[PDB]
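Q: Just passing along the structure, written as structure tokens.
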Amino acid sequence: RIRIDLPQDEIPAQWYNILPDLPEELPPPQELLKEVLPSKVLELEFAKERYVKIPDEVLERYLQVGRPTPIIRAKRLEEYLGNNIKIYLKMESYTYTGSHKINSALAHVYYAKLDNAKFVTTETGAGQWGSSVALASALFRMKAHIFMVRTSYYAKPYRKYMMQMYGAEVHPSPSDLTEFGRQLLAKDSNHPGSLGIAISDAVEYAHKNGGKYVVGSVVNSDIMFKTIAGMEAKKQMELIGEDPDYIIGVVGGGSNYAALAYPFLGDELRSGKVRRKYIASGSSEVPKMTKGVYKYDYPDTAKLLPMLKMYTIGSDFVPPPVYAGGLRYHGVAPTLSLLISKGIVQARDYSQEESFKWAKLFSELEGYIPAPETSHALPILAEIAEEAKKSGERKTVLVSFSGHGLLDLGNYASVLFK
Amino acid sequence: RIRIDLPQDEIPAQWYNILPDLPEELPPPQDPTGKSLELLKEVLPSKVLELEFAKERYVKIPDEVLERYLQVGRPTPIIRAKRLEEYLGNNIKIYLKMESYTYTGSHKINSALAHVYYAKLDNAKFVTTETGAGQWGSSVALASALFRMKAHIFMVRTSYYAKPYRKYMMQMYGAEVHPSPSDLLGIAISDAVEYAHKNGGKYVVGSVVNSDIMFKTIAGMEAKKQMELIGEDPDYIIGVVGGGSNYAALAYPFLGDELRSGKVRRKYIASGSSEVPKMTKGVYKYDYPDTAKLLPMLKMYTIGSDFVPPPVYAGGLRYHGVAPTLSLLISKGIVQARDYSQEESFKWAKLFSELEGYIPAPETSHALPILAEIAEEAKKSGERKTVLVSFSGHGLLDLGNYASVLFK
Ligand SMILES: Cc1ncc(COP(=O)(O)O)c(CN[C@@H](COP(=O)(O)O)C(=O)O)c1O
Ligand SMILES: Cc1ncc(COP(=O)(O)O)c(C)c1O
């Protein structure tokens, strides 16, 4: 009785755009950025329609990569927690790349191909985004050039290998394939690189060679594409007649959480009354959730995109080298930040020691190793268990289980196995 | 409609035992050094030992095992590989039983749960086992976590250090991992077996024997029901052979129907690696299951319990012998045998990955060259054949293996 499957012939056929349903208007963002970006991707940012039809070509690849993903009920975790709540896991880890990121990668590549792009480029550090764009590129028969921070290129090889199995060309950055890259290599032939440097690398290469750049950021389009997870989950839960009392997840930039929660939150906002509790968490080592300044700031280190109004601890923030928690990003998506400032979504932060302890507990109890990023949601369940206990009612929790941790086992090892 | 899901409440409730349905009696285990036999009784779970020569065609899956089956991802889906079909000219229809969909990424968890469960009923204080790829190691580590058993895993050592993430995975499940030869491959089975005889531990076997294959036929029982669900009778059932459990597990429930009805119409093809070529260069004879000789001799296609794979070999299927029941069937011409190089398999793996989007285990990639042969054959006859594949595992923790061969 623990897995709820949505047949592939019943997958949702539109994405959800919360913009029209926000309590107040979203604080507008503040080119080139138009030559390298897919035309429709630019269009969908300002979108005023509540829904965007998913192209049939995109929908077909969604099915190809494992969608719809199941909801799993974590009954053993429930028992451990005293059977005071019910825990439903939306398993985005079940996609072939093991995370929710392929949901927007497929759409970005599709719209690049529509623009008649000769290839797509993107930046990557740890390789989560890179491997997702690599798969999406392969499924559209699109040439992919991935610019990977040279340090990570050697340090975290398995995801490089994954990108290469998918047939992507992977370039250590700064690369000699661009002027901006060659100019840095003349300073240091083994220049360690940065995420910012790789964005500049990927952008210049698309710009100069008639390609398109695939943005993996907190832009409104990206969140919209990922809401296929929430669209599915809404249908699954209504299928077994359970309405969640809590929806929770973690915030890198916030796209995975929003993607799950927004379709539920949209219903409520349109009814005028928010009844559910929404709780998202990040890492206290990178505390933009709980200690962020709400202000206009650069969504990327390259200063490529215009500033967005978001919770941020600054685009130059770097985490301690001990941090293996994976939620390194400095800001929160503008829509989510707006929601947090209005008290609609509650913010939490946990240490990696606390989160990884829960990861370990979850792996032994339920049997599935969560991504280190995902592990930061688990401490929220303890807090919810207590409040439920004081309810007299059994509360239902829906969790964005954003990825598995098989390719992050080295991260866990560095904390858990000394 | 590329994925066929079997609802969990539709999961089969019994295992298939092919022993009564074989064309002729299986060569019984042999035992010279009259110690390994009572030794087997000392380290094996009692009810596992008992099921080894079980006579009932179907064995009820214990409720506790069935419960965990549902927990770790059963039933697994069947996926139709339409993009691969296109690449092969649409000359065949290709269905993949995705045993990779379980929590540890392979079919191994199917018997690991049953062995550990039966060890628990013996009041075992711990279980031991060996592992190569660590697909088995991690499945036993997970099974042990779920049944609250302490687990000691003996890992081949070359794999130990080259596959640290699999070691990390076992440790995340709370198992203790030991490089083999250890402190107390082939050699690993011997290591584990030894360690179990003292202290008070049970040895968990991960293939070859009848009980182990029987436990894995849950996959085949599910697949039979799923194919019927879409009105699809396979012409070919294919897979790869390490010890032969994942292939037997899928095929035996289909092959049983045929043996009982009198006629075998389907084609059965299994592949191994040419670098460890017991499938096509081995001899059907009695040989030792373990290096070290502590275990009763079994009659299988073998290339010697002392065979050691080439350093350059990253393809997996390293065991030296084929399961006795599967060896009987190969000897009788019922199952056809193939072997491919890691170079040819991995090139197919990379193609499959770009086409279908899913990275196969290096073990599983040995089935892909079979598809190419079936498709060329169908092209020449003009007949459009249906193929069911045991997709035994994914390769997410084996990317280092792939890289050593493909990425310079
Ligand atoms: C992914 C996967 N697929 C097939 C098998 C072959 O074993 P069987 O024929 O099913 O019994 C395996 C076996 N993996 C074992 C053995 O390690 P190897 O390195 O020799 O492949 C394991 O210990 O994990 C497999 O993992
Ligand atoms: C598995 C996993 N979970 C969470 C995140 C955080 O990303 P985001 O909040 O932007 O979607 C990432 C990047 C990830 O790979």
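Chain labels A, B, ... are given in the sequence in which chains occur in the structure tokens; within each chain residues are numbered consecutively from 1, and ligands are likewise numbered from 1 in the order shown.
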Residues up to 7 Å from ligand 2, counting only C-alpha atoms and all ligand atoms: could you list those as a PDB file with N, CA, C and O atoms, in the first residue's frame?
A:
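Once written, out01.pdb looks like this:
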ATOM      1  N   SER A  99      17.006  13.454 -10.143  1.00  0.00           N
ATOM      2  CA  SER A  99      16.639  14.715  -9.537  1.00  0.00           C
ATOM      3  C   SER A  99      15.636  15.472 -10.392  1.00  0.00           C
ATOM      4  O   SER A  99      15.385  15.127 -11.538  1.00  0.00           O
ATOM      5  N   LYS A 101      15.863  18.359 -11.670  1.00  0.00           N
ATOM      6  CA  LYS A 101      16.435  19.358 -12.585  1.00  0.00           C
ATOM      7  C   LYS A 101      16.158  19.061 -14.064  1.00  0.00           C
ATOM      8  O   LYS A 101      16.054  19.979 -14.863  1.00  0.00           O
ATOM      9  N   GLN A 128      25.293  18.470 -11.164  1.00  0.00           N
ATOM     10  CA  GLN A 128      23.850  18.161 -11.165  1.00  0.00           C
ATOM     11  C   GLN A 128      23.137  18.733 -12.371  1.00  0.00           C
ATOM     12  O   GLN A 128      22.318  18.073 -13.008  1.00  0.00           O
ATOM     13  N   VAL A 218      17.211  30.797 -10.911  1.00  0.00           N
ATOM     14  CA  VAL A 218      15.981  30.938 -10.152  1.00  0.00           C
ATOM     15  C   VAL A 218      15.000  31.811 -10.910  1.00  0.00           C
ATOM     16  O   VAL A 218      14.070  32.382 -10.323  1.00  0.00           O
ATOM     17  N   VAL A 250      13.453  21.436   0.479  1.00  0.00           N
ATOM     18  CA  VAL A 250      14.642  22.235   0.700  1.00  0.00           C
ATOM     19  C   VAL A 250      14.857  23.299  -0.384  1.00  0.00           C
ATOM     20  O   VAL A 250      14.318  23.206  -1.493  1.00  0.00           O
ATOM     21  N   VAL A 251      15.661  24.304  -0.051  1.00  0.00           N
ATOM     22  CA  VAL A 251      15.937  25.410  -0.961  1.00  0.00           C
ATOM     23  C   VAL A 251      17.421  25.511  -1.306  1.00  0.00           C
ATOM     24  O   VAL A 251      18.248  25.884  -0.459  1.00  0.00           O
ATOM     25  N   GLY A 252      17.756  25.141  -2.539  1.00  0.00           N
ATOM     26  CA  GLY A 252      19.036  25.503  -3.115  1.00  0.00           C
ATOM     27  C   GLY A 252      18.795  26.927  -3.567  1.00  0.00           C
ATOM     28  O   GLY A 252      19.190  27.874  -2.895  1.00  0.00           O
ATOM     29  N   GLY A 253      18.121  27.065  -4.700  1.00  0.00           N
ATOM     30  CA  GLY A 253      17.569  28.335  -5.141  1.00  0.00           C
ATOM     31  C   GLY A 253      16.073  28.351  -4.851  1.00  0.00           C
ATOM     32  O   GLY A 253      15.432  29.400  -4.866  1.00  0.00           O
ATOM     33  N   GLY A 254      15.503  27.178  -4.574  1.00  0.00           N
ATOM     34  CA  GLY A 254      14.088  27.109  -4.257  1.00  0.00           C
ATOM     35  C   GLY A 254      13.196  26.483  -5.330  1.00  0.00           C
ATOM     36  O   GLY A 254      12.027  26.204  -5.076  1.00  0.00           O
ATOM     37  N   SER A 255      13.753  26.224  -6.509  1.00  0.00           N
ATOM     38  CA  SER A 255      12.958  25.731  -7.640  1.00  0.00           C
ATOM     39  C   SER A 255      12.289  24.380  -7.370  1.00  0.00           C
ATOM     40  O   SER A 255      11.133  24.173  -7.756  1.00  0.00           O
ATOM     41  N   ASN A 256      12.988  23.456  -6.721  1.00  0.00           N
ATOM     42  CA  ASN A 256      12.360  22.166  -6.464  1.00  0.00           C
ATOM     43  C   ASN A 256      11.203  22.283  -5.501  1.00  0.00           C
ATOM     44  O   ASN A 256      10.204  21.565  -5.644  1.00  0.00           O
ATOM     45  N   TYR A 257      11.341  23.138  -4.485  1.00  0.00           N
ATOM     46  CA  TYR A 257      10.277  23.287  -3.494  1.00  0.00           C
ATOM     47  C   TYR A 257       9.069  23.991  -4.094  1.00  0.00           C
ATOM     48  O   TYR A 257       7.939  23.531  -3.988  1.00  0.00           O
ATOM     49  N   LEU A 327      23.737  22.754  -0.594  1.00  0.00           N
ATOM     50  CA  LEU A 327      22.825  23.872  -0.842  1.00  0.00           C
ATOM     51  C   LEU A 327      23.582  25.210  -0.877  1.00  0.00           C
ATOM     52  O   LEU A 327      23.257  26.142  -0.148  1.00  0.00           O
ATOM     53  N   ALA A 371      19.547  12.477  -1.441  1.00  0.00           N
ATOM     54  CA  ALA A 371      20.592  13.442  -1.727  1.00  0.00           C
ATOM     55  C   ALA A 371      20.896  14.248  -0.468  1.00  0.00           C
ATOM     56  O   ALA A 371      20.011  14.471   0.358  1.00  0.00           O
ATOM     57  N   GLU A 373      21.376  17.344  -0.357  1.00  0.00           N
ATOM     58  CA  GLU A 373      20.482  18.487  -0.438  1.00  0.00           C
ATOM     59  C   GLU A 373      19.131  18.141   0.200  1.00  0.00           C
ATOM     60  O   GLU A 373      18.656  18.832   1.104  1.00  0.00           O
ATOM     61  N   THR A 374      18.530  17.056  -0.271  1.00  0.00           N
ATOM     62  CA  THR A 374      17.215  16.612   0.236  1.00  0.00           C
ATOM     63  C   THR A 374      17.201  16.365   1.755  1.00  0.00           C
ATOM     64  O   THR A 374      16.178  16.552   2.415  1.00  0.00           O
ATOM     65  N   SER A 402      13.848  15.488  -3.502  1.00  0.00           N
ATOM     66  CA  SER A 402      14.309  16.144  -4.717  1.00  0.00           C
ATOM     67  C   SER A 402      15.328  15.303  -5.471  1.00  0.00           C
ATOM     68  O   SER A 402      15.468  15.437  -6.672  1.00  0.00           O
ATOM     69  N   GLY A 403      15.993  14.385  -4.782  1.00  0.00           N
ATOM     70  CA  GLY A 403      16.973  13.543  -5.452  1.00  0.00           C
ATOM     71  C   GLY A 403      17.516  12.412  -4.590  1.00  0.00           C
ATOM     72  O   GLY A 403      17.320  12.380  -3.366  1.00  0.00           O
ATOM     73  N   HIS A 404      18.223  11.474  -5.209  1.00  0.00           N
ATOM     74  CA  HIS A 404      18.873  10.453  -4.400  1.00  0.00           C
ATOM     75  C   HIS A 404      20.339  10.804  -4.267  1.00  0.00           C
ATOM     76  O   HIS A 404      20.839  11.707  -4.954  1.00  0.00           O
TER      77      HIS A 404
END
Q: Using only C-alpha atoms, I'd like every residue of chain B that has an atom within 8 Å of chain A; please write them out as a VMD selection string.
A: chain B and resid 1 to 3 5 7 to 9 70 to 72 103 to 104 142 145 to 146 165 168 to 169 172 to 174 350 353 to 359 396 to 397 399 to 400 402 to 403 407
Q: May I have a table of the residues of chain B lying at most 6 Å from ligand 1, giving each one's closest pair of atoms and their distance in Å to one decimal, counting only C-alpha atoms and all ligand atoms, ordered by chain and ascending residue number, as a Markdown table?
A:
| residue | atom | partner | partner_atom_place_in_ligand_line | distance |
| --- | --- | --- | --- | --- |
| B:106 | CA | ligand 1 | 1 (C) | 5.4 |
| B:131 | CA | ligand 1 | 23 (O) | 3.8 |
| B:132 | CA | ligand 1 | 23 (O) | 3.7 |
| B:133 | CA | ligand 1 | 19 (O) | 3.8 |
| B:134 | CA | ligand 1 | 24 (O) | 4.1 |
| B:135 | CA | ligand 1 | 24 (O) | 3.3 |
| B:136 | CA | ligand 1 | 24 (O) | 4.0 |
| B:207 | CA | ligand 1 | 11 (O) | 4.7 |
| B:241 | CA | ligand 1 | 9 (O) | 3.9 |
| B:242 | CA | ligand 1 | 9 (O) | 3.3 |
| B:243 | CA | ligand 1 | 11 (O) | 4.0 |
| B:244 | CA | ligand 1 | 9 (O) | 3.3 |
| B:245 | CA | ligand 1 | 11 (O) | 3.9 |
| B:246 | CA | ligand 1 | 10 (O) | 3.6 |
| B:316 | CA | ligand 1 | 21 (O) | 3.5 |
| B:317 | CA | ligand 1 | 20 (O) | 3.9 |
| B:318 | CA | ligand 1 | 20 (O) | 3.7 |
| B:319 | CA | ligand 1 | 20 (O) | 5.4 |
| B:361 | CA | ligand 1 | 1 (C) | 5.2 |
| B:363 | CA | ligand 1 | 3 (N) | 4.8 |
| B:364 | CA | ligand 1 | 3 (N) | 5.4 |
| B:392 | CA | ligand 1 | 3 (N) | 4.5 |
| B:393 | CA | ligand 1 | 1 (C) | 4.0 |
Q: Could you please take those selected residues and save N, CA and C atoms as an mmCIF file, in the first residue's frame?
A:
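That gives us again.cif:
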data_model
loop_
_atom_site.group_PDB
_atom_site.id
_atom_site.type_symbol
_atom_site.label_atom_id
_atom_site.label_comp_id
_atom_site.auth_asym_id
_atom_site.auth_seq_id
_atom_site.Cartn_x
_atom_site.Cartn_y
_atom_site.Cartn_z
ATOM 1 N N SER B 106 19.590 -2.962 -8.403
ATOM 2 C CA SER B 106 19.666 -4.248 -9.093
ATOM 3 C C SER B 106 18.663 -5.280 -8.587
ATOM 4 N N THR B 131 31.187 -9.844 -1.871
ATOM 5 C CA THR B 131 30.641 -9.081 -2.995
ATOM 6 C C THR B 131 31.727 -8.670 -3.994
ATOM 7 N N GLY B 132 31.337 -8.520 -5.259
ATOM 8 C CA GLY B 132 32.268 -8.062 -6.275
ATOM 9 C C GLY B 132 31.995 -6.624 -6.665
ATOM 10 N N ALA B 133 31.028 -6.452 -7.564
ATOM 11 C CA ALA B 133 30.541 -5.134 -7.969
ATOM 12 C C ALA B 133 29.991 -4.345 -6.776
ATOM 13 N N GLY B 134 29.591 -5.074 -5.746
ATOM 14 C CA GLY B 134 29.026 -4.457 -4.566
ATOM 15 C C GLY B 134 27.549 -4.230 -4.741
ATOM 16 N N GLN B 135 26.988 -4.741 -5.821
ATOM 17 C CA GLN B 135 25.570 -4.695 -5.973
ATOM 18 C C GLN B 135 24.964 -5.649 -4.982
ATOM 19 N N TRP B 136 25.628 -6.754 -4.762
ATOM 20 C CA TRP B 136 25.149 -7.759 -3.811
ATOM 21 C C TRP B 136 25.409 -7.319 -2.376
ATOM 22 N N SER B 207 23.708 -16.054 -5.291
ATOM 23 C CA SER B 207 23.475 -16.567 -6.637
ATOM 24 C C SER B 207 23.681 -18.074 -6.712
ATOM 25 N N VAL B 241 24.721 -13.323 -17.727
ATOM 26 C CA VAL B 241 24.970 -14.355 -16.733
ATOM 27 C C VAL B 241 26.231 -14.059 -15.945
ATOM 28 N N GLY B 242 26.063 -13.810 -14.651
ATOM 29 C CA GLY B 242 27.176 -13.760 -13.727
ATOM 30 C C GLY B 242 27.296 -15.165 -13.185
ATOM 31 N N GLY B 243 26.422 -15.490 -12.236
ATOM 32 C CA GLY B 243 26.220 -16.849 -11.775
ATOM 33 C C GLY B 243 24.977 -17.389 -12.450
ATOM 34 N N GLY B 244 24.167 -16.484 -12.988
ATOM 35 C CA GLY B 244 23.017 -16.864 -13.787
ATOM 36 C C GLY B 244 21.671 -16.643 -13.112
ATOM 37 N N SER B 245 21.671 -15.995 -11.949
ATOM 38 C CA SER B 245 20.436 -15.850 -11.166
ATOM 39 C C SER B 245 19.486 -14.820 -11.764
ATOM 40 N N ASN B 246 20.006 -13.670 -12.169
ATOM 41 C CA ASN B 246 19.095 -12.662 -12.703
ATOM 42 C C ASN B 246 18.450 -13.150 -13.996
ATOM 43 N N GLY B 316 32.327 -6.582 -15.054
ATOM 44 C CA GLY B 316 31.501 -7.210 -14.040
ATOM 45 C C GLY B 316 31.505 -8.730 -13.978
ATOM 46 N N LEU B 317 30.533 -9.361 -14.635
ATOM 47 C CA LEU B 317 30.292 -10.818 -14.615
ATOM 48 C C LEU B 317 31.533 -11.692 -14.371
ATOM 49 N N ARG B 318 32.100 -11.600 -13.170
ATOM 50 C CA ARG B 318 33.408 -12.204 -12.888
ATOM 51 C C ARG B 318 33.360 -13.651 -12.399
ATOM 52 N N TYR B 319 32.202 -14.117 -11.925
ATOM 53 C CA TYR B 319 32.138 -15.461 -11.350
ATOM 54 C C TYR B 319 32.517 -16.520 -12.388
ATOM 55 N N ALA B 361 23.967 -0.931 -15.920
ATOM 56 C CA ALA B 361 25.104 -1.511 -15.259
ATOM 57 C C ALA B 361 26.012 -2.124 -16.311
ATOM 58 N N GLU B 363 27.505 -4.905 -16.086
ATOM 59 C CA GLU B 363 26.977 -6.265 -16.250
ATOM 60 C C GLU B 363 25.869 -6.339 -17.316
ATOM 61 N N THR B 364 24.811 -5.551 -17.140
ATOM 62 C CA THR B 364 23.661 -5.542 -18.059
ATOM 63 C C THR B 364 23.991 -5.225 -19.516
ATOM 64 N N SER B 392 19.238 -5.825 -15.482
ATOM 65 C CA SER B 392 19.520 -6.287 -14.131
ATOM 66 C C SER B 392 19.926 -5.188 -13.149
ATOM 67 N N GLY B 393 20.456 -4.074 -13.647
ATOM 68 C CA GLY B 393 20.898 -3.008 -12.768
ATOM 69 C C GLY B 393 21.250 -1.733 -13.523
#
Q: Go through B:52, B:31, B:376, B:21 and flag the residue nearest residue 215 of chain B, using only C-alpha atoms for the distances.
A: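 So, comparing all the options, the nearest one is B:52.
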Q: Between atom CA of residue 295 of chain A and atom CA of residue 311 of chain A, what distance in Å does the model show, to one decimal?
A: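 Computed distance, atom CA of residue 295 of chain A to atom CA of residue 311 of chain A, equals 6.4 Å.
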Q: Looking at only C-alpha atoms, which of A:151, A:346, A:194, A:116 is the one that sits closest to residue 302 of chain A?
A: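 Between A:151, A:346, A:194, A:116, the residue approaching residue 302 of chain A most closely is A:194.
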Q: From segment 172-416 of chain A, collect each residue whose DSSP state is alpha helix (DSSP H) and return the set as JSON, numbers by chain.
A: {"A": [179, 180, 181, 182, 183, 184, 185, 195, 196, 197, 198, 199, 200, 201, 202, 203, 204, 205, 206, 207, 208, 209, 220, 221, 222, 223, 224, 225, 226, 228, 229, 230, 231, 232, 233, 234, 235, 236, 237, 238, 239, 255, 256, 257, 258, 259, 260, 261, 262, 263, 264, 265, 266, 267, 268, 269, 270, 271, 288, 289, 290, 291, 334, 335, 336, 337, 338, 339, 340, 341, 352, 353, 354, 355, 356, 357, 358, 359, 360, 361, 362, 363, 364, 365, 372, 373, 374, 375, 378, 379, 380, 381, 382, 383, 384, 385, 386, 387, 388, 389, 409, 410, 411, 412, 413, 414, 415, 416]}
Q: Got a sec to tell me which of segment 126-244 of chain A DSSP assigns to strand (DSSP E or B), as a PDB file with N, CA, C and O atoms, in the first residue's frame?
A:
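New file part-v9.pdb:
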ATOM      1  N   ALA A 144      25.554  19.171 -26.969  1.00  0.00           N
ATOM      2  CA  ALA A 144      25.726  19.922 -25.723  1.00  0.00           C
ATOM      3  C   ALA A 144      27.198  20.154 -25.408  1.00  0.00           C
ATOM      4  O   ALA A 144      27.983  19.209 -25.406  1.00  0.00           O
ATOM      5  N   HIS A 145      27.556  21.416 -25.150  1.00  0.00           N
ATOM      6  CA  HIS A 145      28.880  21.774 -24.659  1.00  0.00           C
ATOM      7  C   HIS A 145      28.746  22.237 -23.221  1.00  0.00           C
ATOM      8  O   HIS A 145      28.173  23.287 -22.960  1.00  0.00           O
ATOM      9  N   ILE A 146      29.262  21.449 -22.285  1.00  0.00           N
ATOM     10  CA  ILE A 146      29.111  21.776 -20.873  1.00  0.00           C
ATOM     11  C   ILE A 146      30.435  22.307 -20.307  1.00  0.00           C
ATOM     12  O   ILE A 146      31.495  21.692 -20.458  1.00  0.00           O
ATOM     13  N   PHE A 147      30.369  23.482 -19.697  1.00  0.00           N
ATOM     14  CA  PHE A 147      31.556  24.117 -19.154  1.00  0.00           C
ATOM     15  C   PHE A 147      31.605  23.897 -17.652  1.00  0.00           C
ATOM     16  O   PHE A 147      30.819  24.455 -16.907  1.00  0.00           O
ATOM     17  N   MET A 148      32.526  23.046 -17.229  1.00  0.00           N
ATOM     18  CA  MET A 148      32.573  22.598 -15.839  1.00  0.00           C
ATOM     19  C   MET A 148      33.762  23.224 -15.109  1.00  0.00           C
ATOM     20  O   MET A 148      34.892  23.130 -15.582  1.00  0.00           O
ATOM     21  N   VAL A 149      33.501  23.873 -13.971  1.00  0.00           N
ATOM     22  CA  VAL A 149      34.574  24.429 -13.146  1.00  0.00           C
ATOM     23  C   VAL A 149      35.713  23.434 -13.035  1.00  0.00           C
ATOM     24  O   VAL A 149      35.515  22.327 -12.534  1.00  0.00           O
ATOM     25  N   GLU A 169      29.793  17.110 -24.690  1.00  0.00           N
ATOM     26  CA  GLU A 169      31.197  17.486 -24.598  1.00  0.00           C
ATOM     27  C   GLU A 169      31.393  18.281 -23.293  1.00  0.00           C
ATOM     28  O   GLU A 169      30.707  19.266 -23.056  1.00  0.00           O
ATOM     29  N   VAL A 170      32.306  17.830 -22.438  1.00  0.00           N
ATOM     30  CA  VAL A 170      32.571  18.512 -21.165  1.00  0.00           C
ATOM     31  C   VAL A 170      33.916  19.251 -21.195  1.00  0.00           C
ATOM     32  O   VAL A 170      34.956  18.649 -21.453  1.00  0.00           O
ATOM     33  N   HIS A 171      33.883  20.552 -20.934  1.00  0.00           N
ATOM     34  CA  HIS A 171      35.078  21.402 -20.999  1.00  0.00           C
ATOM     35  C   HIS A 171      35.470  21.943 -19.623  1.00  0.00           C
ATOM     36  O   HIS A 171      34.676  22.620 -18.984  1.00  0.00           O
ATOM     37  N   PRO A 172      36.697  21.652 -19.173  1.00  0.00           N
ATOM     38  CA  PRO A 172      37.176  22.299 -17.944  1.00  0.00           C
ATOM     39  C   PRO A 172      37.270  23.808 -18.161  1.00  0.00           C
ATOM     40  O   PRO A 172      37.720  24.250 -19.221  1.00  0.00           O
ATOM     41  N   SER A 173      36.802  24.579 -17.185  1.00  0.00           N
ATOM     42  CA  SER A 173      36.700  26.028 -17.314  1.00  0.00           C
ATOM     43  C   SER A 173      37.517  26.708 -16.218  1.00  0.00           C
ATOM     44  O   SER A 173      37.518  26.244 -15.073  1.00  0.00           O
ATOM     45  N   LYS A 212      23.030  28.287 -28.220  1.00  0.00           N
ATOM     46  CA  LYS A 212      22.191  28.905 -27.204  1.00  0.00           C
ATOM     47  C   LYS A 212      22.663  28.469 -25.826  1.00  0.00           C
ATOM     48  O   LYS A 212      23.202  27.370 -25.670  1.00  0.00           O
ATOM     49  N   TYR A 213      22.463  29.350 -24.850  1.00  0.00           N
ATOM     50  CA  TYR A 213      22.821  29.103 -23.460  1.00  0.00           C
ATOM     51  C   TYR A 213      21.605  28.657 -22.655  1.00  0.00           C
ATOM     52  O   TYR A 213      20.546  29.268 -22.722  1.00  0.00           O
TER      53      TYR A 213
END
Q: I want to know what sits within 7 Å of segment 272-276 of chain A, based on only C-alpha atoms, with residues of the same chain fewer than 4 positions away left out; could you give that as a PyMOL selection string?
A: chain A and resi 245-246+268
Q: For residue 182 of chain B, find every residue with an atom within 12 Å (counting only C-alpha atoms), except residues of its own chain fewer than 4 positions away, and show them as a list in words.
A: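 Residues meeting the cut-off are residues 130, 152, 153, 154, 155, 156, 157, 160, 177, 178, 187, 188, 189, 190, 191, 192, 194 and 195 of chain B.
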Q: Ranking B:264, B:94, B:204, B:121 by minimum distance to residue 390 of chain B and counting only C-alpha atoms, which one comes first?
A: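 The answer is B:94, which sits nearest to residue 390 of chain B.
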